[PDB]
Every structure is written in C-alpha cells, then in structure tokens.
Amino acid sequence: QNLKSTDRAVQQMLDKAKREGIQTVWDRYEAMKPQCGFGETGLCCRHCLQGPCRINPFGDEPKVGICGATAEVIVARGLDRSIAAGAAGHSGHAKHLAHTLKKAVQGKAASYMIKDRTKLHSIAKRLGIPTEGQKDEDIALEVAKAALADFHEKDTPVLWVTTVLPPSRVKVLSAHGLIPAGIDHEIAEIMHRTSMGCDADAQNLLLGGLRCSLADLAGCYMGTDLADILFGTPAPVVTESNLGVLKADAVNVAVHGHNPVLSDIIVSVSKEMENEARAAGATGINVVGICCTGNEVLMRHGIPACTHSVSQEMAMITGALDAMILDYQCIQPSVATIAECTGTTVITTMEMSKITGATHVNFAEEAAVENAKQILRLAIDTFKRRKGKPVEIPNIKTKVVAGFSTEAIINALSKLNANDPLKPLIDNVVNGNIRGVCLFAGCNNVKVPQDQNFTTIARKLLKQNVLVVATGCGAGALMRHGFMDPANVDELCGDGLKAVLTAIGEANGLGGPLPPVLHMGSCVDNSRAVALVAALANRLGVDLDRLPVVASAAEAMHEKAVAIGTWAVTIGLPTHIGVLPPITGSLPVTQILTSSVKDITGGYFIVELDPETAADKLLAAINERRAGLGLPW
C-alpha cells in the first residue's frame, strides 16, 4: 500500500477498505488506466457540438481541429478555462465572506462579528478607506462593499491586486495589460475568448490566462483578509495531525471543504453542546479538520487535522467518523456512497454544492448557531448508533506547530529586530544561513504516491538551508510527516537553517527552534506568502522576480492549483509543478510557460515529475536568483 500512500495511517485504512470491499480513489484510478493520451497532453477540444476534436501528438491526421484550431490554440484554451474555474472557486469563497461581513455589521447575522479590529483597520488603510472618526461597523461595511466591487468593472482595477503588490510589479503587469478589471469579469472573458471561433493565438490566449490568474490571486487575498477580520488573524498554535486524532469515545465530526463561515461556527457551537453529547454517552464533540476548512480552524483554534486531499475517504473507514460537514470544493463525491458502508452522516450545507445521497441542511449565516446545532445533533444521533461497535483508528499522529500568518512571522522576527523585523531574515539570506525560500502549495494527486513529492523535495531543500513555508494540502502532507514538529529540526535542517530557526525560537521564549516548516494556512492563504514576499521586495527596493523565492505545487490536482501556480509565475516566481498539466501536446505553449514568460513577468513554470530532479531544479532557480543579487551560493 506504500505505492498508494506514504502515510502509515492511510496505509492501515487502505488495508481495511480492501478487506471490507470498499472501493477507494486509488481503486477508481486503477480502473481508469490507461488514461486517454489526448486528454493527458491537452490535445482534445469539446468547445462546440462539431466535436469532440483531437489532435495526434505525433504521426498523421487528425492534425488540426474541425474549425481549424491548432494544437497551440486547443492547449491554451483548455488551460485558460482551468484557470478561470480556479478563480471562480476563489473568489466565490471570497464573495461568500464579503456577504457575511456585510450582514454581520448590518445586524443581520449576530453569530458573526469583527473579531480582529487591527486587521480591519489595516485593510481599510491599504484600500484607502478612511478610518478616523468612523464607527468600526461603518469601516467594515466599506471594506465589504469594496470587496464586492472588485468582482465587476468600475473606475479602478481590482484593488485586491493593485494594493497588494509593490508599484514596480504593478507597473510591469500593467505594461502587458495583465491587471484584472474585475474578478468575475475576467472569468467571463476567459469563457468567451476560449469559446469557438474567438481567440486563436497562443500568446494572446496565455496573456489572458495570466490576467485571470491575478483575478484568482485577488480572490485568495480577499478571502484571507475577510476571514481574518471575522475569525481572527492566526498566531502560533500547537496541535496534532493524522487519523489518530479521532477518539472512539467522542462524537467525531469532520469539517471538510473550504469556508470558515461554516467551520468556525461548528467549532464554537460544538463546545456549547458538550453536555448534550455527554448525555448521549460520549465524552464530548471532537471536531477534526479535513482539507482547507480544516486548515482554517487548525490555524485559528488549534483544531487537529485528521487528513487531507486524496486520502479523505480513509477517515470514514475507521468507523469512528460520526459526521462529515461539507460546504464546497475538493470533496470526493464518493464520500456519499462510502457513508452508507461506514455509518458516517455526510451533510451538505451550501445550495450550489449538493451530493446525491448526502443529507442537506441549509446553513444560513442569519441562523448559523441554530443550523449548527441541527447538524451536530445528527452527529450525536450517529454516535449513538455505533454504541458497542469496534472501530479501527490508527494510533498515529504527529505534533504540529502552525499559525504562521505573515503578521505572526513578522512578530517572531521582531524579537530579533523590533523596528526592522524583516532585516534578520534578509541578513541570514545574505550570509547564507538561509539559502532562499520555498512555498509548498496545493493538493495531493492519486497519480503520485501520497506525500512522496512534498517530503522528498522538502528534505533536500531543508538540508540546503532553504526556509520552507507551506499551505493547503502541502502543509497537510508535511505536517503528517513531522515537518511541523520542532523536535525534528536537528534531523531535517541544515546547520545554517537550524541556527536561524533556533535564534528566532529562543528569542520568542520557546527554549527551542521554530518548526522545520512554517504553516501559513489554507490555499487562499497562499496570499499570506504573497504579502511576505511583497514586503521583502519592498524592503529591499527590488521586484519579486529578483528574490530567491520559489514555489512548488508538487502534487497538484485542482483547477485552483493551476490558477495559483499561474499567478505565482505572473508575480515573478519560479514555480514547480510535480504533475503534468495538459500542455505537452503543444511545444509552443510549453515553451511560453516554461521559458518565454520569463521575459514578460520574470517567473516561469518548472514541470518536473521526478522529485529529486525537481529539488535540484528548484535549488538551481534559488541559486540563480542569489547570483543575480551578487550573493554567494
């Protein structure tokens, strides 16, 4: 089962699923082989009813689509639609939060409030919204209105792009026409331009895709901003991860999906329902996280993470998962059928994300507490139904230190230099104790043995003194393998990196180092990494494409991960992807994305499926940046 997942808890549950005859994602993948080579290479188009069209990667006809669309056009159009779909998931998440904040400050949703007043005022100042002599509720109303305005055209571009990147970067992007006019405007323009008989020039199509990827970045940054206002900006917190965080004696409730508008209330209401759970014979309600809504409540409240991404079904296989509470995105719909075998109650809550066979409980922000109690009472009832039934919870968990928002990283560094907090980080980049920075982001993917690329690449980079930060299910992979436990610094980190992590940790009163990898949060919280990198660029007076900073979507899966990788390139970063996106059917498109885009944005994709080789290529990219700054490497 080591070929399927490198996580021992997942392996144990794969053995249980096999003997119980429960089909998993890995079984459905095996049943799909061999996969279509036209789809794999991007050489398929279904954009009109004359299709499906395909192009042979090599050989004879078909060589061109029925309408005349070339391989370059077909590949670029498919990629652009994936970017638009990712942007749509974001930003839809962000729009939900904006409406929640607006309702909260209008008196329509009293379960929500301004929890982080400092964040609210800082965002207002960033946007140009006046605060002096204004009520907090009025400031927040203007912030929410500004957020909603960024979805459509207006007299300003998308401010959640132009106010979050340094002016010099905005100027580079504007010169190429890449600043988005409105988030949903760009999504629609992509769908238009990629429809039949429209844009048919690869470079033009890809420029459109870069611009739409910045609409995705705006949605990510807006999501982080608004969630921090409503639920609190993360600070360092200690918890645990992996399936061993489930408790046979408790009502185990997974929050799964994406939006803290839902998961944050489940967490608080679950605490009030403790005695109601105890009357049912449980010790209490044990909320655990899956995927990014799990990351949200881990980062803010230390809620333990159960599992992530590709292995999500395995939480159910334990037999101890009483409920799985869903909003949207990254939920394998197989959970609804597996639930019938395991007993778990799967509950959907959002009108636009239902799963046949799963109970639907509308969750309205206006009734959030009451709707949460209805949901948790279904979980309690499910716990009672498994009285006396053995469960198999692998006794496997890691210690996780997390909560490294950009504010928290700056604060930790400020213990070494109070009035110039970024300088200690820069000093150690210059002296070589920190070679560079690598952000691990994105999903697991059934094609890659689970976590193998994240851990293989991270181990090589850490030994070479790279400061590693992580989000999403990349953070999930690293946390489940011990990379967020400071006890593992000696084993994992090069001497220079260990010295820096130790100096920061000891200055923060830990008597020990920061963890080997800094958890910066959910996938929208890739925007936090942007904030950190932009702050470094501004402090140094250079653009982001001169910094020794790289990204790796080492096991990418979702359209959202394609969008994030694309904006990482667009803001100036060398960006590794560890699975094949459907681009190899067009050499011209591949050449643009991996090479000539350097001349547009300074970033570029690094497509590399072998993780050892990917680590070497990421180190070369970091070291090239060091050399460009005149630094030893």
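Heads up, when I say rigid core I mean the largest set of C-alphas that superpose within 1.5 Å between the two forms. Heads up: residue numbers just count along the shown sequence, starting at 1.
Superposing the other copies on the rigid core and comparing 505 to 513 to 146 to 154, farther C-alpha placement in 5 other deposited structures of this protein marks 505 to 513. Displacement analysis by core superposition in 5 other deposited structures of this protein ranks 258 to 266 above the other of 258 to 266 and 341 to 349 in root-mean-square C-alpha distance from the shown form. Of the two segments examined, 393 to 401 and 267 to 275, it is 267 to 275 that shows the higher average Cα temperature factor in the deposited entry.
Two stretches are in play, 110 to 118 and 258 to 266, and the higher mean C-alpha B-factor belongs to 110 to 118. In this structure the maximum Cα B-factor among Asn295, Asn508, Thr348, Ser527 is found at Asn508. When the C-alpha B-factors of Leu207, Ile409, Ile129, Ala87 are read from the PDB record, the largest value belongs to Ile129.
In the deposited entry, the Cα temperature factor of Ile583 places it in the middle third of its chain's modelled residues. Residue-level temperature factors show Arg539 in the highest third of its chain, judged at the C-alpha atom. Ranked against the other modelled residues of its chain, the C-alpha B-factor of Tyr221 as given in the entry falls in the lowest third. Looking at the C-alpha B-factors along this chain, the one for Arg193 belongs to the lowest third.
Placement of the Cα temperature factor of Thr356 within the chain: middle third of the modelled residues, per the deposited record.
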